[PDB]
RNA sequence: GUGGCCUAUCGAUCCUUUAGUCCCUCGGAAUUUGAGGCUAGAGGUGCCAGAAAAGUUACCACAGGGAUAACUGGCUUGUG
RNA sequence: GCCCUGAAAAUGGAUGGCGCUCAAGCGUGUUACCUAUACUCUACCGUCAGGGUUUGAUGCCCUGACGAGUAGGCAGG
RNA sequence: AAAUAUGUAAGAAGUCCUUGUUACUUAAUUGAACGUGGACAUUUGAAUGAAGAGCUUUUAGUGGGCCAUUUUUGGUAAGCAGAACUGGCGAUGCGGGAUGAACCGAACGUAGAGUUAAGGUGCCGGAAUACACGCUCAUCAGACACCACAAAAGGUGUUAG
RNA sequence: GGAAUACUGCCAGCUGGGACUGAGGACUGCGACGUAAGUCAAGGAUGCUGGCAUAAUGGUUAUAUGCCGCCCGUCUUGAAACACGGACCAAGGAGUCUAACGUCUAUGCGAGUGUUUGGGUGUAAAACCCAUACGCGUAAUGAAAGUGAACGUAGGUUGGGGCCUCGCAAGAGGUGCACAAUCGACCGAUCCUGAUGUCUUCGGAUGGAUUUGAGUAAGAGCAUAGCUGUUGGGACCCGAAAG
RNA sequence: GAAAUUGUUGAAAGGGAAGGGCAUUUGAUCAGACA
Ligand SMILES: CN[C@@H]1[C@@H](O)[C@@H](O[C@@H]2[C@@H](O)[C@H](O[C@H]3O[C@H]([C@@H](C)O)[C@@H](O)[C@H](O)[C@H]3N)[C@@H](N)C[C@H]2N)OC[C@]1(C)O
Ligand SMILES: CN[C@@H]1[C@@H](O)[C@@H](O[C@@H]2[C@@H](O)[C@H](O[C@H]3O[C@H]([C@@H](C)O)[C@@H](O)[C@H](O)[C@H]3N)[C@@H](N)C[C@H]2N)OC[C@]1(C)O
Ligand SMILES: [Mg+2]
Ligand SMILES: [Mg+2]
Ligand SMILES: [Mg+2]
Ligand SMILES: [Mg+2]
Ligand SMILES: [Mg+2]
Ligand SMILES: [Mg+2]
Ligand SMILES: [Mg+2]
Ligand SMILES: [Mg+2]
Ligand SMILES: [Mg+2]
Ligand SMILES: [Mg+2]
Ligand SMILES: [Mg+2]
Ligand SMILES: [Mg+2]
Ligand SMILES: [Mg+2]
Ligand SMILES: [Mg+2]
Ligand SMILES: [Mg+2]
Ligand SMILES: [Mg+2]
Ligand SMILES: [Mg+2]
Ligand SMILES: [Mg+2]
Ligand SMILES: [Mg+2]
Ligand SMILES: [Mg+2]
Ligand SMILES: [Mg+2]
Ligand SMILES: [Mg+2]
Ligand SMILES: [Mg+2]
Ligand SMILES: [Mg+2]
Ligand SMILES: [Mg+2]
Ligand SMILES: [Mg+2]
Ligand SMILES: [Mg+2]
Ligand SMILES: [Mg+2]
Ligand SMILES: [Mg+2]
Ligand SMILES: [Mg+2]
Ligand SMILES: [Mg+2]
Ligand SMILES: [Mg+2]
Ligand SMILES: [Mg+2]
Ligand SMILES: [Mg+2]
Ligand SMILES: [Mg+2]
Ligand SMILES: [Mg+2]
Ligand SMILES: [Mg+2]
Ligand SMILES: [Mg+2]
Ligand SMILES: [Mg+2]
Ligand SMILES: [Mg+2]
Ligand SMILES: [Mg+2]
Ligand SMILES: [Mg+2]
Ligand SMILES: [Mg+2]
Ligand SMILES: [Mg+2]
Ligand SMILES: [Mg+2]
Ligand SMILES: [Mg+2]
Ligand SMILES: [Mg+2]
Ligand SMILES: [Mg+2]
Ligand SMILES: [Mg+2]
Ligand SMILES: [Mg+2]
Ligand SMILES: [Mg+2]
Ligand SMILES: [Mg+2]
Ligand SMILES: [Mg+2]
Ligand SMILES: [Mg+2]
Ligand SMILES: [Mg+2]
Ligand SMILES: [Mg+2]
Ligand SMILES: [Mg+2]
Ligand SMILES: [Mg+2]
Ligand SMILES: [Mg+2]
Ligand SMILES: [Mg+2]
Ligand SMILES: [Mg+2]
Ligand SMILES: [Mg+2]
Ligand SMILES: [Mg+2]
Ligand SMILES: [Mg+2]
Ligand SMILES: [Mg+2]
Ligand SMILES: [Mg+2]
Ligand SMILES: [Mg+2]
Ligand SMILES: [Mg+2]
Ligand SMILES: [Mg+2]
Ligand SMILES: [Mg+2]
Ligand SMILES: [Mg+2]
Ligand SMILES: [Mg+2]
Ligand SMILES: [Mg+2]
Ligand SMILES: [Mg+2]
Ligand SMILES: [Mg+2]
Ligand SMILES: [Mg+2]
Ligand SMILES: [Mg+2]
Ligand SMILES: [Mg+2]
Ligand SMILES: [Mg+2]
Ligand SMILES: [Mg+2]
Ligand SMILES: [Mg+2]
Ligand SMILES: [Mg+2]
Ligand SMILES: [Mg+2]
Ligand SMILES: [Mg+2]
Ligand SMILES: [Mg+2]
Ligand SMILES: [Mg+2]
Ligand SMILES: [Mg+2]
Ligand SMILES: [Mg+2]
Ligand SMILES: [Mg+2]
Ligand SMILES: [Mg+2]
Ligand SMILES: [Mg+2]
Ligand SMILES: [Mg+2]
Ligand SMILES: [Mg+2]
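Protein chains in written order, with the deposited numbering: chain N8, 2 to 149; chain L4, 312 to 362; chain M8, 2 to 186; chain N1, 2 to 160; chain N9, 2 to 59; chain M3, 2 to 50.
Dropping the structure here:
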């Protein structure tokens, strides 16, 4: 609100906190990004290393669909099972029955390896995995089924 | 709540330093000294009065 | 007049009370200010202060950090104290029992502490059971974990990350970021 | 146009010390510098490689690195309102062990002694250092020395 | 229009506000710049003695 | 017009952008009106769903 | 022994052009041309942190400046 | 050493003015005295701080120190 | 070869014994670097000071300065031009310099009493037309830092050498 | 030879005159005088008397008198200035709003979080409810194809608040979060190493490297709001010669 | 029915402006208090 604002406080001091010498004028720098390459280079270098020019390959008509590949670590992976059913599959580690986790269902495109999932085997249906993910799954007795 | 000075106001001069009682009672400000008669070497009064 | 050795009329620059208007919070202050003065117990004075800290200085203590804290030698049977809110961590499968005195609890942490047979205590209950704060454990959340302190001290060859909206190639990766264009940082 | 090149103004600083020019006596190359030693930095104009910059002449520092010909030294240089840590690569021609620490260690060794020597005697040590203390009372003798009286002298020209 | 050129006037006073803070010493200083060969051994030299205080409690 | 450490913004009001501003002050008014237009079909439409 | 005994002898982004692996992409799929990329140098900015640039206004104009010239005054006093 | 001479400028004029000549001048010595928003002591105001104290507890109470300010910042109003 | 200014040191992150690790290094289990373990105490290592110390973010104004003593460049000089250290003025009143941005004094909440500073005490004007030894008589006397100027050269004026 | 006195200093020696101040408001402290009971000038004024009880004190006001006081605003090293604006009065008269954002702080919830496009509903622009999606987090590094976070109690070491143990205490040991410093480890880029194997050129295991990243290493976010700050907009208000 | 500004009445002061600060006298005018 206006009533809290410093500009109320500046009522009665001439310059409005703007200064008596250097005043407050229209555009002492130039407008916007003007002179990144000249007077403003000291700010533009540091604070924005990398601004000017180009770097590698263009792409004509890119579409981020094809790139949809959400990532889920074995940090979690067990979050895809609701918690009643979950402790149920936790105890009784066995093949012949093991939980079926369809990750592409859960919104994901790849399984990463973050770490430490229980000794409990799981069948993880997935689109892609890391070599380290799919290893740890196999160190709990589980496997990986590629799906689409 | 008010600083009072010793050196006047006996009461507090006697609050600190009760040896105050003794000093005043025995004088000692005014203590005489032991008169001795020792005289300076005639070398001294030569070089004192010398040119 | 006076040659002045240090700045005059210097506010001590320590929060005297919370900036918060929460009544209950203020009461916890009222409690611990009493405890702090009379108890002579260190643990109290600390918690008084930490009751002042802003959101920034009350980082969420994750339930798993509490797990790890208790695995300390002889530290299993202490009661962990968090001035701040405590958070549910999916990433532990096992969890210990104990007792957690905390200003706030998120839904899961409470569910996760109780389900394992532990107890979610409000701080004044901790004052009742622990007046001098005996057999207590204090755990601070990570402060510099925050995403703002990413950008602090951004400079050439500080590798400090820039303030920027859209990221990728095309975005502050060219001049001065690579020896092939200008210099590198 | 104004000039500052690396060696500017160093004319008399790097100059070779009268009757002391020429190749460098071998004890210089003999001394062994272990990391953490306290070094004095003095350039030797005959040795152009591994040469300190003119700022660091007179400076004292400590050696963080030991390579073939050269001890890397850190110096705290003041710039602006702070000091930055600076790292110099110097050939040992330009370096010498600093004797600042000399009395220290000698006092350290001295202190441990006076400690076990007085303690194994039943303590009463007082091993800290004291500034010069005002003189004590003394008698002085006039025997064979009578005061010889003195007068200021009248003006004379003699040129 | 000709103007002043340079001076160090007052520039000292301004430093001694925030006062010329001292160099900031630390124990365990940085190995940045140390002889790379000396580090590549020093690595395997600590690695051993860590494994040797690990069999000391065993 | 460049200072401090601030992300470079891009905020594209260089045209007379105040000439095209739609506030939807009808957000309520339309939500009513297209309910009333739904009632008018469901009756005019006979039991059809 | 990592050019000239030391203290000087030099040059961004865009662009073109070469060197390098024979590596990455031209997005329906391939092969073969052609095109793009990364790493590294050159083509040059000398106003040397780096615009693409001729004059006249005795017909003139605006913003300003005593931050600055033409005169009185003030310091100076070589010169007179 | 003091004094004289060297010593010419324009409105009428300035040891600040009057005036002063064993000074009210010059050199030097000794006292006494006069009086700054400074120094000391006390009252009051504010600010900062360190304590005390569960019924204005955002409170009350004790104690000490400090107080110049354009551009400017923050604060309570 | 000074003076003034200048680098580092004055300890627990210290000193000493013992003997581990390695792909470095030595003829060499040599040495290097980091170490396990053990010993050494208080007066933890000169003075002085300290209410404190360390640390982080963010942002205003500003980015024409000027002056004084000393150092110092150009210039015949300049209230000129231009550097060095510091203190100032600017941004600051108060007492003194009659007056005056920068000199002296001293810096500022409202008051009281005391005492002072710099400067003064014939009268204007608060305060000795005080005391004391001298010098000085000007038909242009002289009279107080910064400061509002004077010189070479002369006097058988008088004074003391 | 014996004194005196000056001079300098000391006294917890005694005492006259004058000025200003009287903060505080039961008691509590340090003491002091007393054989004592008591008393006191001992942690801040009380006792005695008189006048008036009213414009007498005082407030306000005009004025006279002593001393002091130059026009404000502004730009400026410097302004009372022979610098500019201002004859007078009233009423207007200038850092806003919006989009996108930085730091801080409050709040709701939290590995997630954002009802308000829209739908349901209403006492009808309000309040109340909600399905899927989306946005932003939870993975990074590469120009890219693409690869993608535990040797170990998520590591070693130094300091760490708090807590634990011993001790009456002084002290000693234990554990040690945030944070700080350092030595390692893990992911991607870069350079090398190239096992088992096989379309004979695919495959890239294993071990490395003064190289590098806005990474990992028991999550800190997302959303509302406020101050201050940014940029674009008529962008604090008024002003061109032009086009 | 404000201000600038103006008439008349009342009061006051005024030797080349007026206005201000400290302080008191004097004129005028008033609150409070006490009982
Ligand atoms: C400060 N006021 C001054 C006033 O004092 C005077 O200025 C003098 C001027 O007279 C002096 O100058 C003059 O007078 C002096 C002598 C009197 O010192 C002579 O030496 C000099 O040759 C002459 N020009 C000059 N040296 C300093 C200024 N302040 O005249 C000018 C003025 C502005 O009125
Ligand atoms: C009420 N108006 C004023 C009034 O105040 C009074 O003015 C005096 C004035 O006369 C005094 O007197 C002074 O002023 C006058 C005036 C004519 O300039 C001078 O002639 C006189 O020399 C001077 N002493 C002056 N010292 C203070 C004012 N209060 O005199 C009448 C008036 C000027 O009209
Ligand atoms: Mg202005
Ligand atoms: Mg401002
Ligand atoms: Mg500006
Ligand atoms: Mg340019
Ligand atoms: Mg930078
Ligand atoms: Mg670009
Ligand atoms: Mg990617
Ligand atoms: Mg598919
Ligand atoms: Mg003061
Ligand atoms: Mg101040
Ligand atoms: Mg030169
Ligand atoms: Mg020499
Ligand atoms: Mg060379
Ligand atoms: Mg210019
Ligand atoms: Mg000039
Ligand atoms: Mg300049
Ligand atoms: Mg220049
Ligand atoms: Mg319609
Ligand atoms: Mg070689
Ligand atoms: Mg070379
Ligand atoms: Mg040669
Ligand atoms: Mg080039
Ligand atoms: Mg295509
Ligand atoms: Mg293709
Ligand atoms: Mg240029
Ligand atoms: Mg240039
Ligand atoms: Mg033209
Ligand atoms: Mg013509
Ligand atoms: Mg003509
Ligand atoms: Mg014509
Ligand atoms: Mg001029
Ligand atoms: Mg002239
Ligand atoms: Mg001349
Ligand atoms: Mg002249
Ligand atoms: Mg003369
Ligand atoms: Mg005269
Ligand atoms: Mg006089
Ligand atoms: Mg005299
Ligand atoms: Mg006298
Ligand atoms: Mg307080
Ligand atoms: Mg308090
Ligand atoms: Mg102030
Ligand atoms: Mg201001
Ligand atoms: Mg020490
Ligand atoms: Mg040890
Ligand atoms: Mg100027
Ligand atoms: Mg300017
Ligand atoms: Mg001048
Ligand atoms: Mg000048
Ligand atoms: Mg000058
Ligand atoms: Mg200015
Ligand atoms: Mg001022
Ligand atoms: Mg001043
Ligand atoms: Mg004055
Ligand atoms: Mg003055
Ligand atoms: Mg006073
Ligand atoms: Mg006084
Ligand atoms: Mg007069
Ligand atoms: Mg008088
Ligand atoms: Mg006389
Ligand atoms: Mg006399
Ligand atoms: Mg004068
Ligand atoms: Mg005497
Ligand atoms: Mg009283
Ligand atoms: Mg009586
Ligand atoms: Mg009466
Ligand atoms: Mg009266
Ligand atoms: Mg009056
Ligand atoms: Mg008046
Ligand atoms: Mg005056
Ligand atoms: Mg102006
Ligand atoms: Mg000017
Ligand atoms: Mg002015
Ligand atoms: Mg003028
Ligand atoms: Mg002007
Ligand atoms: Mg103008
Ligand atoms: Mg004017
Ligand atoms: Mg006007
Ligand atoms: Mg006008
Ligand atoms: Mg979501
Ligand atoms: Mg530790
Ligand atoms: Mg400690
Ligand atoms: Mg291959
Ligand atoms: Mg405008
Ligand atoms: Mg804006
Ligand atoms: Mg216009
Ligand atoms: Mg037009
Ligand atoms: Mg045009
Ligand atoms: Mg009127
Ligand atoms: Mg007249
Ligand atoms: Mg006047
Ligand atoms: Mg007239
Ligand atoms: Mg008056």
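Beta carbons: idealized from backbone N, C-alpha and C, even for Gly.
In terms of beta-carbon proximity, residue 3 (chain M3) stays away from the interface with chain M8, with every pair separated by 9 angstroms or more. Nearest Cα to residue 34 (chain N1) within the set 151 (chain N1), 91 (chain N1), 122 (chain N1), 26 (chain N1): 91 (chain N1). In this structure, the beta-carbon distance from residue 57 (chain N1) to residue 88 (chain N1) does not fall below 9 angstroms. Along the region 46 to 73 of chain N8, the positions whose C-beta sits under 9 angstroms from a C-beta of chain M8 are 46, 47, 48, 49, 50, 51, 52, 53, 54, 55, 56, 57, 58, read in chain order. Cβ contact annotation for residue 75 (chain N8) (same chain, cutoff 8 angstroms, sequence separation greater than five): 112, 113, 114, 115, 116, 117, 118, 134, 137, 138, in chain order.
Under the Cβ criterion of 9 angstroms, residue 147 (chain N1) is counted among the residues facing chain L4. Rounded to the nearest angstrom, the Cβ distance from residue 74 (chain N1) to residue 62 (chain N1) is 4 angstroms, consistent with a contact under 8 angstroms. Here residue 96 (chain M8) carries a coil assignment [DSSP, helix/strand/coil]. Using a Cβ distance threshold of 9 angstroms, residue 40 (chain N1) and residue 98 (chain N1) count as a contacting pair. At a cut-off of 9 angstroms, the C-beta of residue 84 (chain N1) has a neighbouring C-beta in chain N9. When the Cα atoms are used, residue 3 (chain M3) and residue 3 (chain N9) turn out to be separated by approximately 29 angstroms. Just so you know, the alpha carbons of residue 126 (chain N8) and residue 109 (chain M8) end up roughly 28 angstroms apart. The distance from the Cβ of residue 120 (chain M8) to that of residue 100 (chain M8) is about 4 angstroms, consistent with a contact at the 8 angstroms cut-off. Across the set 22 (chain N8), 109 (chain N8), 147 (chain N8), the C-alpha of 109 (chain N8) shows the shortest separation from the C-alpha of residue 69 (chain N8). Judged by DSSP secondary structure, residue 88 (chain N8) falls outside any beta strand (DSSP E) and instead within the alpha helix (DSSP H) spanning 84 to 91. The criterion of a C-beta distance shorter than 9 angstroms is satisfied by residue 52 (chain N1) and residue 95 (chain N1). Within chain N1, 82 have C-beta atoms less than 8 angstroms from the C-beta of residue 19 (chain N9), given in sequence order.
Around the beta carbon of residue 79 (chain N1), a 10 Å sphere encloses fewer than 16 other beta carbons of the protein chains shown; the residue is thus reported as exposed.
Excluding residues up to 5 positions away in sequence, 126, 128 lie with their Cβ nearer than 8 angstroms to the Cβ of residue 116 (chain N1) in the same chain.
Residue 52 (chain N1) carries a coil assignment under DSSP once its states are collapsed to helix, strand and coil. Per DSSP, the beta bridge partners of residue 121 (chain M8) are 101 (chain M8). At the C-beta level, residue 37 (chain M8) and residue 54 (chain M8) stay beyond 9 angstroms of one another.
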